[PDB]
Amino acid sequence: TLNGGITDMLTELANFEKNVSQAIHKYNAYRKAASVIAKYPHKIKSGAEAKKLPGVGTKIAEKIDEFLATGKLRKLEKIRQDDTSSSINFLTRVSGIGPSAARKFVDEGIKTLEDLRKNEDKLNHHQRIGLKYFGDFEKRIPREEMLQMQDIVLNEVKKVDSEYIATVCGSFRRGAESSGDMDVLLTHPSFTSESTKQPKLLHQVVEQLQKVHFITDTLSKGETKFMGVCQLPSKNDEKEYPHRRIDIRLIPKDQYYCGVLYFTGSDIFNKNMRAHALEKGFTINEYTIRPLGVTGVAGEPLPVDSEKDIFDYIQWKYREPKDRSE
DNA sequence: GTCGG
DNA sequence: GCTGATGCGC
DNA sequence: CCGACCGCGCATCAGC
Ligand SMILES: Nc1nc2c(ncn2[C@H]2C[C@H](O)[C@@H](COP(=O)(O)OP(=O)(O)C(Cl)(Cl)P(=O)(O)O)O2)c(=O)[nH]1
Ligand SMILES: [Cl-]
Ligand SMILES: [Cl-]
Ligand SMILES: [Mg+2]
């Protein structure tokens, strides 16, 4: 919050490029600049001071001087006044509605929450659930509640098969005092990169959590990735908790470390780290880290026995989860 | 929009 | 039906 | 300059 004004402005600009302009690289440039600045231990005094940081260039420098001078940015001022842009940005806030669908909805005269509700027929499954819990998904999750959720998930999974290992990742594993949702990494000895000895490994867990009424809805579901909704049980007479977004990712047991690295994030941390790996001649995904051949083709997976091993391969000093929040 | 070669 | 591209999300 | 910008699972569609 030291440079909150500036980072907020950059994020708004990032969201505009992504949602309205559909310019992903500009979106990421703004996000990176915001990220690099939010980590800066000094209260920025000029765009010049900011341009010193990698990720901030001439354009963002100028915008920072304007913001520092007036306390706002005219470019954004005009974007907020723009109806089409305003409507498109709003609609993308519904899970399942992206830049394309939002712009398409606006063309059809569907621009508001009221319009969406009276046009459910025009939404796919994911979008319907997104609209259903629109308000709830905007809410933050206190770490206290994350702990209760963790307890339920780990205990329910244990009941299905004592061999399952569920790990809560995302901002929770990074030590955040609140999270936007729950991310669960799941492993089972029967599912490795070498073979899938038992089917429905993910399904069984999903089924068990729906059975005890923890999982309430599904946005999408496959062999290794579940994307849905959950809710903590409330006591008698007490208002019920808000519904929460939950993702469960089944990863090969022998590829746990690359999996937990990926799922722990942050997303920008992953991007920076993956980009650095490339520069160092390696490629990283949630399954492995492989070297890049002379022509640029990925090679065979390298042995990994801890998250640190991955960091060493790319010549990075180990960074604890709590320090990966970029 | 920013960056490295 | 399958394969490939695209949207969307993590 | 100028092109590279992380990598991938699921849902949906187009074309066959
Ligand atoms: N490589 C890669 N990994 C990603 C990406 N997006 C997400 N991940 C990985 C890294 C992410 O940590 C993880 C979970 O996705 P979230 O739940 O979206 O991210 P959280 O960090 O949990 C959070 Cl702070 Cl947005 P919140 O607490 O509010 O949920 O997935 C991406 O674009 N790329
Ligand atoms: Cl772009
Ligand atoms: Cl792989
Ligand atoms: Mg999360």
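Here is the naming used below: chain letters follow the sequence lines, and residue numbers restart at 1 for every chain. All heavy atoms count here, side chains included; hydrogens, waters and symmetry mates do not.
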Sugar of C:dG1 - north (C1'-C2'-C3'-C4' positive) or south (negative): north
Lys/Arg N to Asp/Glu carboxylate O, A:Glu286 vs A:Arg249, below 4.0 Å: yes
OP1 or OP2 of D:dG9 under 4.0 Å from side-chain N/O of A:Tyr262: no
Interatomic distance, A:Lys225 NZ vs D:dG7 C1' [rounded to whole Å]: 13 Å
Euclidean distance, atom CG of residue A:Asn28 to atom P of D:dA4 [Å, nearest integer]: 17 Å
Sugar-phosphate only, base, or nothing, as touched by A:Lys32 at under 4.0 Å among non-hydrogen atoms: nothing
Nucleotide of D:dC10, C:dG7, B:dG1 approaching A:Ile60 most closely (side-chain heavy atoms): B:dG1
Rounded distance (Å) that lies between atom P of D:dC6 and atom CD1 of A:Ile289: 16 Å
Spacing of the P atoms in D:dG7 and B:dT2 (rounded, Å): 23 Å
P-based separation of B:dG5 from D:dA4 [nearest Å]: 14 Å
Centroid under 5.5 Å and tilt under 30°, A:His126 to C:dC8: no
Electrostatic pair A:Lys211:A:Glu207 at N-O distance under 4.0 angstrom: no
Candidates C:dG9, D:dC6, B:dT2 - which lies nearest the side chain of A:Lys59: B:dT2
Distance in angstrom units between A:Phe191 CZ and D:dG9 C1', rounded: 12 Å
Nearest-Å distance for atom pair CD/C1', residues A:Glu286 and D:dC10: 13 Å
Sugar-phosphate only, base, or nothing, as touched by A:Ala101 at under 4.0 Å among non-hydrogen atoms: sugar-phosphate
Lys/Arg N to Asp/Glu carboxylate O, A:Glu326 vs A:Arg319, below 4.0 Å: yes
A:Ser171 side-chain N/O to A:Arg174 backbone N/O, donor-acceptor pair under 3.5 Å: no
Sugar-phosphate only, base, or nothing, as touched by A:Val94 at under 4.0 Å among non-hydrogen atoms: sugar-phosphate
Basic-acidic side-chain contact under 4.0 Å: A:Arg80, A:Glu77: yes
Main-chain N/O of A:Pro233 paired with A:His213 side-chain donor or acceptor, under 3.5 Å: no
Separation of C:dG9 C1' from A:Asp183 CG (nearest whole Å): 12 Å
Sidechain N-carboxylate O distance under 4.0 Å for A:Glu156, A:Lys159: yes
Nearest-nucleotide pick for A:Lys26, side chain only, options being D:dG9, B:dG1, D:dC5: B:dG1
Distance below 4.0 Å between A:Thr218 side-chain N/O and D:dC10 OP1 or OP2: no
Sugar-phosphate, base or nothing in reach of A:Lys271, heavy atoms under 4.0 Å: base
Touch class at under 4.0 angstrom, heavy-atom based, for A:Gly96 against every strand present: sugar-phosphate
Length of the NE2-P vector between A:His203 and D:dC10, whole Å: 14 Å
Sugar-phosphate, base or nothing in reach of A:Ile97, heavy atoms under 4.0 Å: sugar-phosphate
Distance test, side-chain N/O of A:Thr283 to OP1/OP2 of D:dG7, below 4.0 Å: yes
Sugar-phosphate, base or nothing in reach of A:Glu17, heavy atoms under 4.0 Å: nothing
From D:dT12, C:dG9, C:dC8, nucleotide with atom closest to A:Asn124 side chain: D:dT12
Touch class at under 4.0 angstrom, heavy-atom based, for A:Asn285 against every strand present: sugar-phosphate
Spacing of A:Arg274 atom CZ relative to D:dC8 atom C1', expressed in whole Å: 8 Å
